[PDB]
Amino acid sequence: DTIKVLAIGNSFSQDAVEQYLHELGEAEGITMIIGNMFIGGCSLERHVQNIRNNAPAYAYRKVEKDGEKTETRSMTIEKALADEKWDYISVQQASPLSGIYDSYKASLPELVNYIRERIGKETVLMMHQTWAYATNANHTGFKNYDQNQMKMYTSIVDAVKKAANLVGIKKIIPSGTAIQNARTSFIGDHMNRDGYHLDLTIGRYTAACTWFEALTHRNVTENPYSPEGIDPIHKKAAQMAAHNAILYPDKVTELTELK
């Protein structure tokens, strides 16, 4: 089959969908057309500003059916929504605000209303639950969570759940939990490349594995794709972290077999 999925986001949706996800699908015979609407650091408030003025403010990164990766500049949300008959569309908050429910309360309903007016009843609208920062991250946003990884993580889980209920979204892609699960394994607190964005190999792959299982409902621990540059034991830890996040999206599952 084919899965057409669009993320409305920023560098954190980029970390999940712009690489690995297509390969994961391809290895199971699933073709996937992936779009990512990117503005650096973009929050829900800024997405709402852009839908109010139909701003051509986004870089549109697409992974085509054959795996080619293209960018189109100066894109609007309206145009992105009409680019494919999307099976799935995600929205998310900027990481500094990702565990602050009131930031979703203020902007998410207007954004979601705008999208719902431009899709059919077969399209699934989703939240992308993003991840806490590394424990020693220097990112200024981390102060919102007392520079404590677990506090941040727990705040994100809670905010996203409540935000989904606010706007009537039922499906959440639990990337934050998958990252947090990976951090309990022998991998430890080595899932980031700059304290907040994901590690380019294992980090991004763990997020992609979570998206793969969320969209295809196939157990990613059985997926045959072997990414280059990730050794087999790390690959298996990534897959298990993602699969446990899908099963148990609201809490850390200790990867005790891999410690």
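Note that residue numbering follows the sequence shown and begins at 1.
Chemist: Which wins on mean Cα temperature factor, 183-191 or 153-161?
Modeler: Comparing averages over the C-alpha atoms only gives 183-191.
Chemist: Do the C-alpha atoms of 197-205 or of 223-231 have the higher average B factor in the entry?
Modeler: According to the PDB entry, the answer is 223-231.
Chemist: Sort 57, 34, 37, 215 by C-alpha B-factor from the entry and give me just the highest.
Modeler: That would be 57, according to the entry.
Chemist: State the tercile, meaning the lowest, middle or highest third, of residue 74 with respect to the CA B-factors recorded for its chain.
Modeler: Highest third of the chain for residue 74's C-alpha B-factor.
Chemist: Consider only the C-alpha atoms of the modelled residues in this chain, order them by B-factor as the entry records it, and name the third containing residue 63: lowest, middle or highest.
Modeler: According to the entry, residue 63 has a C-alpha B-factor in the chain's middle third.
Chemist: Consider only the C-alpha atoms of the modelled residues in this chain, order them by B-factor as the entry records it, and name the third containing residue 124: lowest, middle or highest.
Modeler: CA B-factor rank for residue 124: middle third.
Chemist: What third of its chain's C-alpha B-factors does residue 130 belong to: lowest, middle or highest?
Modeler: Ranked within chain, residue 130 CA B lands in the lowest tercile.
Chemist: Considering only modelled residues of the same chain, in which third does the CA B-factor of residue 44 rank: lowest, middle or highest?
Modeler: CA B-factor rank for residue 44: lowest third.
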